[PDB]
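Form deposited in one PDB entry, single chain, as structure tokens, below.
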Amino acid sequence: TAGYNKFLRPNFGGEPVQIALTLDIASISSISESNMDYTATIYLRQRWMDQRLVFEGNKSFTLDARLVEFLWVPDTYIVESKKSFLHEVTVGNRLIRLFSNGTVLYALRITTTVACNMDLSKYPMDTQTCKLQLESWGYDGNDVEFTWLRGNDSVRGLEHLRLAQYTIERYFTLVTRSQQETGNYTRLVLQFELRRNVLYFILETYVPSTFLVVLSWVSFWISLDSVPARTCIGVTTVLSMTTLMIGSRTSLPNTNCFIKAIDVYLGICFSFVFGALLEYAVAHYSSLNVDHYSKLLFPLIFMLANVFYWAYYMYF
């Protein structure tokens, strides 16, 4: 038999509730470039002070998940979560650990699929900046005031995340004053950058294509007298380049149409190989020295093209 002495939010009217958040990223996975999202498991720890549960004697009361519904808990929500759930492995992953002075420790295990934009302009050399924002979904700023428990180091576990492709290169936590239709709210934003592994992509596509085109333009040293050999090398290189392009197109079936960087490099290599074939034909027609078109023509143009490519994907 309880009335208004157990249901109202702490300090209902007056000073807002100071809720201190602590985060512990257990894992990050299912980062899809098609849906532009990421799945992460986090340990959401919330600490606030309530004046109505002061009990004598210094000790802790680790409550179960069944008694969580009997007390007041914050209404934190992930701002851009597309699908999420609280873990129920054997019991409910909801603990409340009350303390003598009224400190409440509310810990949850939540798997969230947050939505972050994948600006895949430079597909293999991109650092996607994805955030995990937490906000009091119902209560405005004047009612609930979110805060980070220990500044930047409140979020833990991100330094141990080594993923299939990405590596965390930076992370920082900030508190904002997000304004929307309902009113003023405090949003706790955790911002981390997912730098891709360029080394695998370099050896997968850039190194083979570079070696192929190098073999193509060093074949000009072979004299025009050996026509069938030159035709064989040209045909084999062109066919290998086409097969590589087709396989690369089929290798990653991601729904992320943003005219990527591998497309540009592959188009450059295809341009150089079929231009080498066309210039073989044109050189035969004009002869009616082939290495004069290699000593200072082809490797130099490809070097300039690579310089422009790397300048594009290096600076702004």
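In case it trips you up, residue 1 is the first one in the sequence shown, and so on. C-alpha atoms forming the largest set that superposes within 1.5 Å between two forms make up the rigid core.
Here the subject shifts to the form deposited in another entry, a form of this protein not shown in this document.
Asker: Which listed residue, 100, 197, 231, 117, is the one whose CA shifts 2 angstroms or more between the shown form and the other one with the rigid core aligned?
Answerer: Among the listed residues, the outlier is 231.
Asker: Superposing on the rigid core, is the Cα displacement of residue 77 between the shown form and the other one 2 Å or more?
Answerer: Superposed on the core, residue 77 moves its C-alpha less than 2 Å between the shown form and the other one.
Asker: Does residue 251 show a Cα shift reaching 2 Å between the shown form and the other one after rigid-core superposition?
Answerer: Passes the 2 Å threshold, so yes.
Asker: State yes or no: after fitting on the rigid core, is the Cα displacement of residue 148 between the shown form and the other one at least 2 Å?
Answerer: Shift at residue 148: below 2 Å after core fit.
Asker: Which way does the C-alpha gap of residue 113 and residue 254 go in the other form, closer or farther, given it changes by 3 angstroms or more?
Answerer: Residue 113 and residue 254 sit farther apart in the other form.
Asker: Since the Cα separation of residue 7 and residue 183 moves by 3 Å or more in the other form, tell me which way: closer or farther than here.
Answerer: Note: Cα gap between residue 7 and residue 183 shrinks in the other form.
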